[PDB]
Amino acid sequence: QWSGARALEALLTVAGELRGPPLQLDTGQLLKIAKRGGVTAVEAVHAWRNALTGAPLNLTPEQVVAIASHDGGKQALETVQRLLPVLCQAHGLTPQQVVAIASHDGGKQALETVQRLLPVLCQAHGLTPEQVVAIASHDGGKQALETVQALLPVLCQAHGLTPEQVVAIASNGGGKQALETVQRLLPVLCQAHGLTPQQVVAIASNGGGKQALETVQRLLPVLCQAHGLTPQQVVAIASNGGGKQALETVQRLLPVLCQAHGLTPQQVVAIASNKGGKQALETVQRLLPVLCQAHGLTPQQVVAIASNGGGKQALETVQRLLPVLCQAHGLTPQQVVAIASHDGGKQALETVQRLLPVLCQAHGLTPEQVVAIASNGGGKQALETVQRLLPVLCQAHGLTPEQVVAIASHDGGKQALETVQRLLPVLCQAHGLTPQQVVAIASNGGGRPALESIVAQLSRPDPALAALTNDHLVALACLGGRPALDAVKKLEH
DNA sequence: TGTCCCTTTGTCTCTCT
DNA sequence: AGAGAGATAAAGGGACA
């Protein structure tokens with residue numbers, strides 16, 4: 001008999017139980033824990049279900065699931081019930097910060113290292129607890145924290161990095177490797193190739209930071225001679241998430257894409273310059289002719305779709321959905337391209353296919369409005385949030401559908417919609433902003449934190465901003481969101 | 001296997017002008 | 001507004017006890 005059977009059965013017995021109180025998990029959550037934390041994590045969740053749920057710790061099931069669903073999840077759960085009160089009461093962290101540190105493979109190691117090293121990192125090395133938490137909150141967090149403790153001086157003094165730069169490099173999975181590689185390659189990349197430390201930090205500050213730095217060292221000469229690529233272009237390919245894989249793929253596919261399809265090197269660099277850039281390039285090589293036949297999509301339109309994170313996913317999804325969306329839903333090919341040409345284009349496209357009928361029919365939006373909401377990063381999230389929140393926003397808060405669509409139609413649309421739902425009443429009733437002013441603040445990228453900054457100034461006024469009327473603060477918030485408010489405070493004093 | 005650490009890819013959100 | 005940057009996450013491999 002297949003040896004995995006007894007454990008699978010154990011897994012399923014314990015799982016079915018967790019569907020009960022006090023966690024009541026769903027198949028999705030159960031699968032998630034089983035898939036990364038394994039049977040051991042599922043059993044640990046059950047055994048610890050009562051101790052995590054309410055007082056003392058009072059963790060939500062989502063938080064329990066977030067902690068359990070990683071390699072060593074059982075170890076992280078044990079450690080969180082032990083160290084959460086310590087970290088909150090002895091170092092002044094929030095439960096949310098503790099849970100963030102915990103929710104990665106080896107979370108136990110991260111938690112224990114934060115407990116051990118936070119004081120020396122803050123006192124002796126000058127970091128804030130926020131910076132320590134960010135460093136800790138990735139797989140290998142323990143290694144990154146220990147490497148920051150060891151290398152912070154040499155990186156700032158011998159190599160000229162700011163502590164902020166060191167923190168940014170550390171704050172990725174594989175942070176220890178990136179830090180060590182920067183220490184070794186910074187003078188090589190700067191002195192031999194004329195890169196600024198800023199460009200080096202930009203290359204290093206991503207997962208696979210080590211790999212991207214070594215690949216830039218190895219490939220920069222070859223790429224900047226034989227392929228007429230500029231150093232700026234190579235840095236961009238390396239620093240945008242594509243890392244080592246994107247660089248090696250550009251070396252392979254630049255001449256193929258240029259010669260065979262007439263793409264420009266600028267176009268190839270743009271396709272390369274994202275997470276999964278390698279995947280995007282190879283998919284363009286494969287799919288451009290299939291999409292561009294019959295005067296179908298133009299090359300330019302294909303390049304636009306490809307030129308985002310997950311470009312490969314967007315491309316393949318366009319190929320799948322272009323005909324059904326255009327025919328069955330009446331969208332233009334142009335509109336499909338629009339929807340597809342953002343990070344997560346696949347998700348947005350699939351969500352439009354699914355929700356365009358319902359938003360139009362059940363909520364009285366136009367297809368144009370659905371497309372407008374869909375055509376931003378996180379479009380899927382904004383579409384599903386419009387579906388959920390249109391009746392409460394309109395019926396209870398008095399907003400028009402047009403205003404809801406406008407809030408929804410930016411990156412972070414979901415966040416802006418939820419925040420308006422949350423804060424409209426205190427902003428309007430308690431502080432006399434008009435709904436129109438609230439909608440104006442929220443109808444930009446960064447809508448949510450702009451609203452929260454405003455609410456904060458009205459609820460605990462900082463004298464630094466007290467010379468501005470609500471109307472002026474509203475104008476400021478619309479102009480430049482939370483950062484503009486923060487910037488103005490700095491100006492005051 | 002369980003746990004830890006690293007790398008790649010994909011998705012979402014905010015900033016910066 | 002559209003590029004750049006960072007946050008959050010899934011999932012696979014190396015390593016080792």
Side-chain angles (χ1 to χ4, degrees), chain A residues 3-4 7 31-32 35-41 43-44 66 69-76 100 103-110 113 134 137-144 146-147 167-168 171-178 181 201-202 205-212 215 236 239-246 248-249 270 273-280 283 304 307-314 317 341-348 351 375-382 385 409-416 419 444-450 452 479-484 486-487:
Chain A
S3 44
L31 185 53
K32 177 180 174 161
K35 216 155 168 176
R36 192 61 183 194
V39 191
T40 281
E43 296 181 335
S69 52
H70 310 271
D71 288 4
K74 171 194 188 180
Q75 306 296 317
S103 298
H104 304 275
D105 296 345
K108 163 183 190 192
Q109 300 302 312
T113 309
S137 298
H138 302 272
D139 298 338
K142 161 182 185 190
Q143 301 302 319
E146 291 173 355
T147 302
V167 168
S171 296
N172 299 92
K176 165 181 166 65
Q177 307 301 312
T181 306
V201 176
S205 294
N206 294 287
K210 167 183 191 305
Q211 302 300 320
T215 306
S239 67
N240 269 266
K244 153 196 204 169
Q245 298 303 316
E248 294 177 348
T249 302
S273 288
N274 288 290
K275 301 220 186 178
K278 160 176 179 191
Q279 300 305 313
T283 300
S307 297
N308 300 279
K312 162 173 161 181
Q313 300 305 319
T317 307
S341 305
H342 304 272
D343 284 15
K346 167 179 166 199
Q347 301 306 314
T351 307
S375 298
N376 294 284
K380 162 180 181 203
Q381 300 300 320
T385 307
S409 300
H410 310 268
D411 288 9
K414 163 178 184 193
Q415 304 302 317
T419 310
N444 299 279
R448 148 142 104 140
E452 299 170 331
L479 181 62
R482 162 178 63 184
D486 292 355

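What you see below is based on every heavy atom in this structure, not just the backbone, and it leaves out hydrogens, waters and symmetry mates. Within every chain, numbering begins at 1; the chains are lettered A, B, ... in the order of the sequence lines, protein sequences first and strands thereafter.
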Using whole Å, report how far [atom1] of [X] lies from [atom2] of [N].
X      : N      : atom1 : atom2 : result
A:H342 : B:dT13 : NE2   : P     : 14 Å
A:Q279 : C:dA10 : CD    : P     : 19 Å
A:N206 : C:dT8  : CG    : P     : 15 Å

Give a yes/no on whether any side-chain N or O of [X] is located under 4.0 angstrom from OP1 or OP2 of [N].
X      : N      : value
A:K108 : B:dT3  : no
A:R482 : B:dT15 : yes
A:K176 : B:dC5  : no
A:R448 : B:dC14 : yes

> Does A:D343 pair with A:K275 as a salt bridge, N-O distance under 4.0 Å?
Replying inline: no
>> If you compare all heavy atoms of A:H410 against all heavy atoms of A:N376, which two are closest, and at what distance to 0.1 Å?
In response: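 That would be N-ND2, 3.6 Å.
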> Between B:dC14, B:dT9, C:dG12, which one does the side chain of A:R36 approach most closely?
Replying inline: C:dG12
>> Quiz question: going by heavy-atom distance under 3.5 Å, is there a donor-acceptor pair between the base of B:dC12 and the side chain of A:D343?
In response: yes
> Any chance the side chains of A:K278 and A:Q245 put a donor and an acceptor closer than 3.5 Å?
Replying inline: yes
> Is a side-chain N or O of A:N274 found less than 3.5 angstrom from the main chain of A:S307, in a donor-acceptor match?
Replying inline: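 Side chain of A:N274 to backbone of A:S307, a donor-acceptor pair under 3.5 Å: yes, one is there.
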